[PDB]
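Trainee: This structure is in structure tokens; I'll ask about it shortly.
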Amino acid sequence: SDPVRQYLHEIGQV
Amino acid sequence: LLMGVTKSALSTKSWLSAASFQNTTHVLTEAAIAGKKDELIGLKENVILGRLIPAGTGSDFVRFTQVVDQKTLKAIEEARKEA
Amino acid sequence: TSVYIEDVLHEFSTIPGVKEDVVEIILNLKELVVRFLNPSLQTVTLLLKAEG
Amino acid sequence: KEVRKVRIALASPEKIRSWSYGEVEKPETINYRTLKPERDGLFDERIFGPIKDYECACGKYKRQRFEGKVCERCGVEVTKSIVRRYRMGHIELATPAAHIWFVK
Amino acid sequence: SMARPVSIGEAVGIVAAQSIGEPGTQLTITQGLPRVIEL
Amino acid sequence: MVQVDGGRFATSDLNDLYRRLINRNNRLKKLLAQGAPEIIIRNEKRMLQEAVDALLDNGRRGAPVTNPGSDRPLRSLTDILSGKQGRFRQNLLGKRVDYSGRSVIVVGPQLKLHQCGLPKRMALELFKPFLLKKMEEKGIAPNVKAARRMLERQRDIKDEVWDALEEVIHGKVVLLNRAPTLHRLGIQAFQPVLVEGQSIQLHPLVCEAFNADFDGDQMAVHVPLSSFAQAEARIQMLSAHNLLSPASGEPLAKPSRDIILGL
Amino acid sequence: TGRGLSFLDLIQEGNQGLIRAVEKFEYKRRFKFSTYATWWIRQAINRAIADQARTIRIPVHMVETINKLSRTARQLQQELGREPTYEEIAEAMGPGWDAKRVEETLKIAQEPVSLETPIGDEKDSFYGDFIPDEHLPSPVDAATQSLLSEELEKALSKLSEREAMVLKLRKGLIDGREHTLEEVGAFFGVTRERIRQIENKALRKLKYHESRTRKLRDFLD
Amino acid sequence: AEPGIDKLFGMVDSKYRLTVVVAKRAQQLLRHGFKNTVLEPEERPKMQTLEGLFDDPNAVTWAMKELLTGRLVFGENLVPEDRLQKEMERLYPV
Amino acid sequence: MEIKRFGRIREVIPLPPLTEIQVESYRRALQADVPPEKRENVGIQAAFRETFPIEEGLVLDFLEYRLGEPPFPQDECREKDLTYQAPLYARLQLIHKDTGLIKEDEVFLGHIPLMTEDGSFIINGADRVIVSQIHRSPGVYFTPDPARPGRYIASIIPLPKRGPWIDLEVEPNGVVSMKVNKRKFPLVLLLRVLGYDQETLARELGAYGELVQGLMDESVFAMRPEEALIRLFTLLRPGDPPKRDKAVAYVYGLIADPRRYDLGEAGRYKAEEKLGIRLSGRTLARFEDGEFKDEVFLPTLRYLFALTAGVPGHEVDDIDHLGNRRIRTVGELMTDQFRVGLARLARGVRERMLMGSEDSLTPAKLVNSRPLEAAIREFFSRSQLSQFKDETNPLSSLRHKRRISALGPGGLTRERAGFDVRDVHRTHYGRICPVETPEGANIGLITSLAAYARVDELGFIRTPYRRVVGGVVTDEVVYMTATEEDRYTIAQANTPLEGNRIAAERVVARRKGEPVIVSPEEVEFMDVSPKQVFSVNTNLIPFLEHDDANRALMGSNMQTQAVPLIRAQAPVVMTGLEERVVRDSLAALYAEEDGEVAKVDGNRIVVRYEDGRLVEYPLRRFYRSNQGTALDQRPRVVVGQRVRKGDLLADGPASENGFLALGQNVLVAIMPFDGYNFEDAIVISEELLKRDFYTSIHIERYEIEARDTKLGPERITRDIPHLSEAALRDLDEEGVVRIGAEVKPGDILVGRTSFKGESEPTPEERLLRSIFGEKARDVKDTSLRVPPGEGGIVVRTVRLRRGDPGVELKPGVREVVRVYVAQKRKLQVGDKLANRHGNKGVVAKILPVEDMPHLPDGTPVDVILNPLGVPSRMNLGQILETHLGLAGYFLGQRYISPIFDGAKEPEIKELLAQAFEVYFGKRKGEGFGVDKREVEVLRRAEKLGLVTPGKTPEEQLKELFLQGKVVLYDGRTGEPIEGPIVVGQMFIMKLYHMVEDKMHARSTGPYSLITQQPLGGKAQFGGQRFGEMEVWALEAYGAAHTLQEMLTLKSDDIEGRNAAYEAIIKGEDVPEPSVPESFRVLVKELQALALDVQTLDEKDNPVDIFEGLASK
DNA sequence: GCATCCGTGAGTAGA
DNA sequence: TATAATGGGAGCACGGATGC
Ligand SMILES: [Mg+2]
Ligand SMILES: [Mg+2]
Ligand SMILES: [Mg+2]
Ligand SMILES: [Zn+2]
């Protein structure tokens, strides 16, 4: 829902 | 089938009317998909287009009426008579 | 029918040293009763010069 | 001809491109000094038409004698300014994007 | 309004909707306007 | 994008939305061209989608896009079409019209049922083109433009133009309308009678039909232009021609208040 | 954040900076990558903000100038205990700056306002609704120009067709453009002197007809 | 109330037809400069000026008053449109 | 003239300072009069204490602040369009933790708006008022669950934007659920985070049967506070990695952080009173020694269970109780926005602390004041509660400052407000006025503070009462909040008293608002006066007890619309509240101390006091207010006059000798007149115009700018292309109209030229140029002219120029010119009149004096009101005002009749008798007996049963006069009006709504940009809106062509309207209309939505309405 | 059948 | 153009088609 959070999570996977 | 005035108005065949009532997005999407054609039967449609409403003096029963004085009437009558 | 005051441009004004505003002065000048003795006389200009 | 009907239907990308008089490649509006529309921006006269009646951008053809003639120098068609109300542009997306109306 | 047969071409729809709607502000189980809209 | 009075600029929100879209698109193309990794491209594509969404229908999905230093949502296409402020209801099913005016209504008894008091100045501005043509037909002005310039300043107006204005409106009717218009008698036609003063004189018997009283109600005036419009207004819409309510069938114009009292 | 660009936008531009850094980095210098990358990230973000923030685009150098003017005026307002004048900012900006220049720089830095900004506190009204259209001709204007063409034709009909055509070609009423004396002379098959003389006598007859009838005066505004 | 409006409504099967007839007839009158009128000189609508009685400038009044007489014929498909126009232009040039 | 006053009620205390709700608030917020070290923690002091210290140089801390003197005075601020304000400096010290380096500096934070003496502000030269805002008080409440009868919802409410509403509920499955930010989670979890254990909750909450079992969850008590904290964090924050310190930070910020979560001082007090506990801080819990510690939650849950059980002593809360609703005054609102801007400044401070040189930093380098200035400026400019001040008359301003809005930021949004909030609560008694509220959509949302009422330090409204001990009424006055008032039996103020003792064995009182009959032994308190129940405006209505509520509302409201009149007088019948209203309005000028008047002038009054010092009072003369009503102070004293302290020096606008004068006292008759008074219209006499009654001065401001352009500068000049000397006659050498010149519509106020746009001359212009042999000028005429239906005399001109001393304009602007045009408006047909009782109407006729109905002695009446207005409206106060007014007309005296303690019918009959002796006996002495007409009228009255048969004509005329009816002769006939007619003095006001400002017409004019439809409004010379419902009217009439005209030729069809105008000026018939531009706009906007809209013929073949312009 | 999700809630004037 | 820096910040209502 919240793009910032989703991108932070995608970033966190690396 | 019975349905209240709101749903009845939204369900009408003219998409300009339905879109100009409410739920404009919904109406426009379903209409656009179905490739719907508005035949301009009712008042609202013709009001949007700035056309002459099909009621009162704009009725198909009246507006075609002609007025002619007896002089011009005889004048055309003889032209029809000679041919 | 008319009023001129020296150093006064228009009706809404205050003359220094004077308590009344020009509107009130005119309101008083409306109550002036002026009798003409001569029947041939259509207009008169009264002059008032005062001080102190 | 008289208009007896009004039809509404989906637009193909080809339809959209056929409506378009040019692509808007730049997110710019008007120049900060000249106060005239920027080339390939949102206000470009090349695309949407001229600002002044029967006159191009640089002023080569200023009269109705040239009508339909597109200037070689500034690329602006010489015609009525009212077309700026009527002329569609377009934006070519790098990737497809859903029309929110049909998703939501 | 004319106390005679209606003239062909009169729009009776708008006349109806107006006829029903106009008194609506005067309307005071359910009673009055809410019930009307319920119907 | 328009330069206003003071020399500043005013613009639509659509330009901002389009700017967002174009920017994210271009950045996406450049990102691809430089072969960015998948996370960056995915994010950019997502943002592009949300940009298109905000352009078409804003607030539909997610947070509504706003301008810097503002909590006001940008106005998108969908917002332009729909709503009470939308294109259909605001600019299509109703419009603001020329040849119209408004003023305070005041009673007068002298009026016949088919008449109403119309202030001179209002009549001058409402009928102005007809007044120009008539001023040209008579000797008051050499042509149209001279006449208009003559009407421009209030001290350039002479009595000939008033008598000419009387000659203009003869037989013609105007429409009077009071909001809210609850039924078709909220608009009625009257022959104007030019009166000194700034108030519109209304006939007592039509008050009930208009639901108008004298506590400071205001009415709007309209001028039907074409001979067709005039024929319609005079035959169909004339006050004296509608005496009965289309709803109940009972007389709409009937004695009330002081009239009933006296009788 | 808050510079006119969205968080995610700043993130993507910073990503572009990061890519530039990865391409330009040299591990031979023993530095950590973060050190070199930070420069390109900041650079990319600042370039981004300077470029994309304003609806009317201002060149990056000019932006920097405007910002320096801002910080200057802010320093002055912080020292003086009040907002500075143009002259004070002009002083504090050094040589080459006067009041006029500061004023014009502030004028050129003005951002546009939304047509949809609500006026009155309500859902009812929009600012753009109060702004007239100065472009499209008013009905009065259309009427004026129409009556003008009609009156000019009424005036040109009192001449012979040749001299009236000469005037129409010389003032461009025909094809839209004004012909030179040699073109009209070559069109009617006469010397340029002759066609100029015909133009003169036509203009003269028109001036006489005008002095007599006083018809075309009102259009002169 | 418009004079004889009752009789005028009696003439037509629908009031809107009366309206159309009146409007069109008035358009004819305006176009032909009143020269086509079916009214006698004593039957002419008058307007009181500063000077004296002049012909009524209002073509609608004229049209209705004419319609009251019965000298006008109204209906559908009386004559092709261009034929009526041209015959009227012949009889009463504009 | 002699003033007789009625009533037996003696007011113990005076009305408190009326604007104190404003003044004392802002003062309390600023604390500019207090030395910095003595300042309380309330006000902007609180903001500095909350924002600072700023950590992570490492530390920036707050020492003190100060406010300087205003750079410009009020009047100058109004002149130059400047905000009246004072500079705000803040002393801060930077401290590096490691270094120990201490750098101290005083930084400039910008300016703050100062409140004027009368309780208003000046923002950009425009006077504005900050309206107080009523809202739900912070605290803990318990309300019935609407869904489940027998179950209750506990609510914990902090201040607005001070953190989350929290809801405690007992779920259908038995567990106790907590809701925060719309997230339902078991309360047990948070309780475990708080450090509670199953033992403590079992002993504490066990007393309430089986409820506590829903609170028992083994999995929750099986983990330490840390694990439950991380679990709670994962519950409230999905996707956010569950780091420990992050969880602690978020939970602390959500509950225990005073910088984020704050109850009110009111909230604290109320929660303490309700739950029966003590709160250390204003938060729900604390962080102490590494862990979270409970304050609020447990007693709250305890009260919830106790209520749910039916345990006595626990009750639901009325949310409309005025103990549960508090008032946020101007000080608190400004303080809030200050807190916001200050916090933004702090974020900027930290962001500055990370960057830059770490060793060299000063408080001047760290602090950017722009966000604070922005927050303050935005609050004072564009906020909802910040309203353009209503100065129409002094009472307007006074009432405005006393308004209470339920709307605004953090307040109720409209249409979401049900009958609950708009209702009159039983606790509004003595607090909020049940009468004065706007009619329509704003009803009940906007209200007015009661007269004696006060807003305390906590924000609750208090009303005064008198202590009654053992049937004796003390003069001790106790101010009470609603909750305190609920505790006592309070008797009415009209209660009979002999001395200080209650004289009746049955007294009318209130217990919790409920009316009850009690003995003097049961009376704890007594009302101060009936005046305390109503507003200041409602208190100005004489005989209010005889007027129905709604018309009373109307009169009360309309009194603020009253226009100041040049001859204005105070009412013949007053309530006595007039002088106070004038004095608290600061309209009138009063003597500061005892002394002698040295000098008297229209401009200035000079007074020598006892001290010997010479004080000069300059007088405001012909000043334009916000609404354009004239503001001027007239000297009421003469040179050498001996004055005391507080005595009247100069009369303000709408003031007669210090009494509030909102209108004129006129002689009215109540009777139908020839249908001219039909349906609320009014008939007035020309005599009113002759003596200048109802005549008012109005100033209008006109403005024009000359700016720099790319085509060359605009300039104000007397040189205007193509204009005669006739047109330029009244212009001065510089192009600005001279002072004193009369202007009319079309006249030039300021001449200005503007360089023409790029001009390619059309061949017509070229040929014309050649014909007339004149060169087309470089500039065109942009001059400001008088708008239609306007104008007057030019009383002032201001001219500001770029490059001139003390003058700097907005960028690009060469010069600014303002013209002031004043006009004296006589009463005219269409102007609105009203009385204090709600009767209102427009003048429909002005009769010559000879036509007016007149008395036998020849005296014509001024105004004729229609009796048909009275019975259905049910306002009889105007009738009594008319009677008492008659008596006061013939006795030459005025009266004071307080509300609810009035003049009564018998007394008015006495006065009417005394008057009749004058009205008649004078005639009888002059040698005149009864008229024949009078005999006829008396016969009619005998048949009417109005007079007693057999008495002499004189006695019958007295019998009629005591009823306030007189014989009245028709001016036209000379015959009498068949019946006797009520005639008397009435107080009537000329309202701000005047037909001169209204009447408007348009032929053609400006059009909007996108739609090409005509603009709206008189100001823009716009067309009337023809709405959807109007289109319904035309359709229902079946008029097709009129409608088609409105839809095309008259609005948005460009070709059609141009062709129409040209056809009309040529004397042709308007052409056939075409497609309206707004439809094309719809089609294109639909194409922008990727929807193809096609207009087709009957063959389904495409038709182009764009005429090939849009097709390639 | 009861959990979401969503669209809409007079009119003119004015500003 | 290179010390190292690596996961955000803020914040009423009823009626009706759907969705689990
Ligand atoms: Mg009424
Ligand atoms: Mg009314
Ligand atoms: Mg310098
Ligand atoms: Zn070019």
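All residue names refer to the structure tokens as shown: chains lettered A, B, ... in order, residues numbered from 1 in each chain, ligands numbered from 1 in order.
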Can you tell me which residues sit at most 7 Å away from ligand 2, counting only C-alpha atoms (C1' of nucleotides) and all ligand atoms, written as a PyMOL selection string?
Mentor: chain F and resi 212-217
Trainee: When you look at residue A:1 with a cut-off of 12 Å (counting only C-alpha atoms (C1' of nucleotides)), what residues show up, excluding the ones that are within fewer than 2 positions of it in the same chain? I need them as a PyMOL selection string.
Mentor: (chain A and resi 3-7) or (chain F and resi 46+50+61-63) or (chain I and resi 238-239)
Trainee: Write out as a PyMOL selection string each polymer residue (protein, DNA or RNA) that has an atom no more than 8 Å from ligand 3, with only C-alpha atoms (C1' of nucleotides) and all ligand atoms counted.
Mentor: chain G and resi 87+89-98
Trainee: For the residues selected in the previous step, produce a file with N, CA, C and O atoms as a PDB file, in the first residue's frame.
Mentor:
ATOM      1  N   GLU G  87      17.852  47.656  -1.420  1.00  0.00           N
ATOM      2  CA  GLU G  87      19.142  48.332  -1.361  1.00  0.00           C
ATOM      3  C   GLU G  87      20.120  47.644  -0.413  1.00  0.00           C
ATOM      4  O   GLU G  87      21.307  47.524  -0.717  1.00  0.00           O
ATOM      5  N   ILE G  89      20.047  44.413   0.557  1.00  0.00           N
ATOM      6  CA  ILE G  89      20.414  43.146  -0.063  1.00  0.00           C
ATOM      7  C   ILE G  89      21.444  43.397  -1.156  1.00  0.00           C
ATOM      8  O   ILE G  89      22.398  42.638  -1.308  1.00  0.00           O
ATOM      9  N   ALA G  90      21.249  44.482  -1.902  1.00  0.00           N
ATOM     10  CA  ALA G  90      22.177  44.879  -2.958  1.00  0.00           C
ATOM     11  C   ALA G  90      23.572  45.158  -2.404  1.00  0.00           C
ATOM     12  O   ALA G  90      24.576  44.765  -3.001  1.00  0.00           O
ATOM     13  N   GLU G  91      23.627  45.846  -1.266  1.00  0.00           N
ATOM     14  CA  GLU G  91      24.893  46.081  -0.584  1.00  0.00           C
ATOM     15  C   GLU G  91      25.535  44.755  -0.199  1.00  0.00           C
ATOM     16  O   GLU G  91      26.663  44.465  -0.590  1.00  0.00           O
ATOM     17  N   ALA G  92      24.795  43.944   0.552  1.00  0.00           N
ATOM     18  CA  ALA G  92      25.333  42.703   1.109  1.00  0.00           C
ATOM     19  C   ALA G  92      25.724  41.666   0.057  1.00  0.00           C
ATOM     20  O   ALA G  92      26.426  40.704   0.365  1.00  0.00           O
ATOM     21  N   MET G  93      25.266  41.858  -1.177  1.00  0.00           N
ATOM     22  CA  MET G  93      25.577  40.925  -2.258  1.00  0.00           C
ATOM     23  C   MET G  93      26.888  41.260  -2.961  1.00  0.00           C
ATOM     24  O   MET G  93      27.372  40.492  -3.793  1.00  0.00           O
ATOM     25  N   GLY G  94      27.457  42.412  -2.623  1.00  0.00           N
ATOM     26  CA  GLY G  94      28.742  42.808  -3.168  1.00  0.00           C
ATOM     27  C   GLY G  94      28.633  43.704  -4.385  1.00  0.00           C
ATOM     28  O   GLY G  94      27.581  44.298  -4.633  1.00  0.00           O
ATOM     29  N   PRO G  95      29.730  43.807  -5.152  1.00  0.00           N
ATOM     30  CA  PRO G  95      29.799  44.654  -6.347  1.00  0.00           C
ATOM     31  C   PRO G  95      29.049  44.042  -7.529  1.00  0.00           C
ATOM     32  O   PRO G  95      29.049  42.819  -7.695  1.00  0.00           O
ATOM     33  N   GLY G  96      28.425  44.890  -8.341  1.00  0.00           N
ATOM     34  CA  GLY G  96      27.681  44.432  -9.499  1.00  0.00           C
ATOM     35  C   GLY G  96      26.208  44.203  -9.212  1.00  0.00           C
ATOM     36  O   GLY G  96      25.448  43.816 -10.100  1.00  0.00           O
ATOM     37  N   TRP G  97      25.805  44.439  -7.968  1.00  0.00           N
ATOM     38  CA  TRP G  97      24.411  44.281  -7.569  1.00  0.00           C
ATOM     39  C   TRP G  97      23.805  45.609  -7.126  1.00  0.00           C
ATOM     40  O   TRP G  97      24.302  46.244  -6.194  1.00  0.00           O
ATOM     41  N   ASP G  98      22.733  46.028  -7.792  1.00  0.00           N
ATOM     42  CA  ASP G  98      21.973  47.187  -7.334  1.00  0.00           C
ATOM     43  C   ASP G  98      20.567  46.780  -6.889  1.00  0.00           C
ATOM     44  O   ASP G  98      20.227  45.597  -6.895  1.00  0.00           O
TER      45      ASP G  98
END
Trainee: Could I get the residue neighbourhood of ligand 4 at 7 Å, counting only C-alpha atoms (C1' of nucleotides) and all ligand atoms, as a list in words?
Mentor: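 Listing the residues within 7 Å of ligand 4 gives residues 56, 57, 58, 59, 60, 61, 71, 72, 73, 74, 75 and 76 of chain D.
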Trainee: Give the residue list for ligand 1 at 12 Å, counting only C-alpha atoms (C1' of nucleotides) and all ligand atoms, as number ranges by chain, sorted by chain and then by residue number.
Mentor: F: 204, 207-208, 210-217, 256-257; I: 678-681, 839-841, 868-870, 872-873
Trainee: For the selection you just gave me, I'd like the residues written to a file as a CSV table (one decimal), in the first residue's frame, keeping N, CA, C and O atoms.
Mentor:
chain,number,residue,atom,x,y,z
F,204,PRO,N,-48.3,41.4,-6.7
F,204,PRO,CA,-48.7,40.6,-5.5
F,204,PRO,C,-49.2,39.2,-5.8
F,204,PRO,O,-48.8,38.3,-5.0
F,207,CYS,N,-46.6,36.4,-6.2
F,207,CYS,CA,-45.7,36.2,-5.0
F,207,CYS,C,-45.8,34.8,-4.5
F,207,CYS,O,-44.8,34.1,-4.2
F,208,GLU,N,-47.0,34.3,-4.3
F,208,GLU,CA,-47.3,33.0,-3.8
F,208,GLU,C,-46.6,31.9,-4.7
F,208,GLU,O,-46.0,31.0,-4.2
F,210,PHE,N,-44.1,32.3,-6.8
F,210,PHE,CA,-42.6,32.4,-6.7
F,210,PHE,C,-42.1,32.0,-5.3
F,210,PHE,O,-41.0,31.8,-5.1
F,211,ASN,N,-43.1,32.0,-4.3
F,211,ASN,CA,-42.7,32.0,-2.9
F,211,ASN,C,-41.7,33.2,-2.6
F,211,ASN,O,-40.6,33.0,-2.1
F,212,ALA,N,-42.2,34.4,-3.0
F,212,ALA,CA,-41.4,35.6,-2.8
F,212,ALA,C,-42.1,36.6,-1.8
F,212,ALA,O,-43.3,36.8,-2.0
F,213,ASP,N,-41.3,37.1,-0.9
F,213,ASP,CA,-41.8,38.2,-0.1
F,213,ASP,C,-40.8,39.4,0.0
F,213,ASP,O,-39.8,39.3,-0.6
F,214,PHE,N,-41.2,40.4,0.7
F,214,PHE,CA,-40.5,41.7,0.6
F,214,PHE,C,-39.5,42.0,1.7
F,214,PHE,O,-39.2,43.2,1.9
F,215,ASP,N,-39.1,41.0,2.4
F,215,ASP,CA,-38.1,41.1,3.5
F,215,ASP,C,-36.7,41.2,3.0
F,215,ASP,O,-35.7,41.0,3.7
F,216,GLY,N,-36.5,41.5,1.7
F,216,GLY,CA,-35.2,41.6,1.0
F,216,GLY,C,-34.9,40.5,0.0
F,216,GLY,O,-33.7,40.3,-0.3
F,217,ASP,N,-35.9,39.7,-0.4
F,217,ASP,CA,-35.7,38.8,-1.5
F,217,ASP,C,-35.1,39.5,-2.8
F,217,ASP,O,-35.4,40.7,-3.0
F,256,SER,N,-54.7,36.9,-1.5
F,256,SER,CA,-54.1,36.5,-0.2
F,256,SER,C,-53.8,37.8,0.6
F,256,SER,O,-53.8,38.9,0.0
F,257,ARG,N,-53.5,37.6,1.9
F,257,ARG,CA,-53.1,38.7,2.7
F,257,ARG,C,-54.1,39.8,2.7
F,257,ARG,O,-55.3,39.6,3.0
I,678,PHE,N,-47.9,45.3,1.5
I,678,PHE,CA,-48.2,43.9,1.2
I,678,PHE,C,-47.0,43.0,1.4
I,678,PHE,O,-45.9,43.3,0.9
I,679,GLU,N,-47.1,42.0,2.2
I,679,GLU,CA,-46.1,41.0,2.5
I,679,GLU,C,-44.7,41.5,2.9
I,679,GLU,O,-43.7,41.3,2.3
I,680,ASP,N,-44.8,42.3,4.0
I,680,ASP,CA,-43.6,42.7,4.8
I,680,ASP,C,-42.9,44.0,4.2
I,680,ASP,O,-42.0,44.5,4.8
I,681,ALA,N,-43.4,44.5,3.1
I,681,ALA,CA,-42.9,45.7,2.5
I,681,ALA,C,-43.3,46.9,3.4
I,681,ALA,O,-44.2,46.8,4.3
I,839,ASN,N,-39.0,42.2,13.0
I,839,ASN,CA,-39.8,42.7,11.8
I,839,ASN,C,-38.8,43.4,10.9
I,839,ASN,O,-38.1,44.3,11.3
I,840,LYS,N,-38.8,42.9,9.6
I,840,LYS,CA,-37.9,43.5,8.6
I,840,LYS,C,-38.6,43.6,7.3
I,840,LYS,O,-39.5,42.8,7.0
I,841,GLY,N,-38.2,44.5,6.5
I,841,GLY,CA,-38.7,44.7,5.1
I,841,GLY,C,-38.1,45.8,4.3
I,841,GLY,O,-37.4,46.7,4.9
I,868,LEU,N,-50.5,42.6,9.3
I,868,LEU,CA,-50.4,41.2,8.8
I,868,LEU,C,-49.1,40.5,9.1
I,868,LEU,O,-48.9,39.3,8.9
I,869,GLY,N,-48.1,41.3,9.5
I,869,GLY,CA,-46.8,40.7,9.9
I,869,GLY,C,-46.8,40.2,11.3
I,869,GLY,O,-46.1,39.3,11.6
I,870,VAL,N,-47.6,40.8,12.2
I,870,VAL,CA,-47.6,40.5,13.6
I,870,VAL,C,-48.1,39.0,14.0
I,870,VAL,O,-47.3,38.3,14.7
I,872,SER,N,-48.7,35.9,12.8
I,872,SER,CA,-48.0,34.6,12.5
I,872,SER,C,-46.6,34.6,13.0
I,872,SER,O,-46.1,33.5,13.3
I,873,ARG,N,-46.0,35.8,13.1
I,873,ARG,CA,-44.6,35.9,13.6
I,873,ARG,C,-44.5,35.8,15.1
I,873,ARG,O,-43.5,35.4,15.7
Trainee: As an exercise, work out the distance from atom CA of residue G:10 to atom CA of residue I:345 in Å and give it to one decimal place.
Mentor: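 Distance between the two atoms: 22.3 Å.
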Trainee: Write out as number ranges by chain every residue belonging to chain E that has an atom at most 10 Å from any atom of chain F, counting only C-alpha atoms.
Mentor: E: 1-3, 12, 14-24
Trainee: Any chance you could tabulate, as a tab-separated table, the residues of chain F at most 7 Å from chain G with each one's nearest atom pair and distance in Å to one decimal, using only C-alpha atoms, in chain and rising number order?
Mentor:
residue	atom	partner	partner_atom	distance
F:8	CA	G:112	CA	6.8
F:9	CA	G:112	CA	4.6
F:10	CA	G:113	CA	4.7
F:11	CA	G:114	CA	5.2
F:12	CA	G:115	CA	5.3
F:13	CA	G:114	CA	6.6
F:68	CA	G:4	CA	5.8
F:145	CA	G:218	CA	6.8
F:146	CA	G:218	CA	6.4
Trainee: Write the selection just made, keeping N, CA, C and O atoms, as a compact mmCIF listing (two decimals), in the first residue's frame?
Mentor:
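Done, and the output landed in selection17.txt:
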# COMPACT_ATOMS: atom_id res chain seq x y z
N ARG F 8 1.49 38.29 -12.64
CA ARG F 8 1.91 36.97 -12.17
C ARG F 8 1.24 35.86 -12.96
O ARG F 8 0.39 36.12 -13.81
N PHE F 9 1.61 34.61 -12.67
CA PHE F 9 1.12 33.48 -13.44
C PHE F 9 0.19 32.55 -12.66
O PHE F 9 0.43 32.25 -11.49
N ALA F 10 -0.86 32.10 -13.33
CA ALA F 10 -1.79 31.16 -12.74
C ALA F 10 -1.95 29.97 -13.68
O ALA F 10 -2.06 30.15 -14.90
N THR F 11 -1.95 28.77 -13.12
CA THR F 11 -1.98 27.57 -13.95
C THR F 11 -2.80 26.43 -13.34
O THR F 11 -3.04 26.40 -12.13
N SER F 12 -3.24 25.52 -14.19
CA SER F 12 -4.01 24.36 -13.77
C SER F 12 -3.13 23.29 -13.10
O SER F 12 -1.91 23.30 -13.26
N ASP F 13 -3.75 22.40 -12.33
CA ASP F 13 -3.03 21.32 -11.66
C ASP F 13 -2.62 20.23 -12.65
O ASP F 13 -1.65 19.48 -12.42
N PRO F 68 3.63 21.41 -3.37
CA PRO F 68 4.54 21.70 -2.25
C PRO F 68 4.00 22.81 -1.36
O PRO F 68 3.63 23.87 -1.86
N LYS F 145 -21.43 52.30 -33.05
CA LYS F 145 -20.28 52.57 -32.19
C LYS F 145 -20.39 53.90 -31.45
O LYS F 145 -20.10 53.98 -30.25
N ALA F 146 -20.79 54.94 -32.17
CA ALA F 146 -20.99 56.25 -31.57
C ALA F 146 -22.02 56.17 -30.45
O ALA F 146 -21.85 56.77 -29.39
Trainee: Would you please give, as a PyMOL selection string, all residues of stretch 73-206 of chain G that DSSP assigns to strand (DSSP E or B) based on the backbone?
Mentor: chain G and resi 113-114+118+126+132
Trainee: Once you count only C-alpha atoms, which residues of chain B turn out to be within 6 Å of chain D? Could you give them as a PyMOL selection string?
Mentor: chain B and resi 32-33+35-39
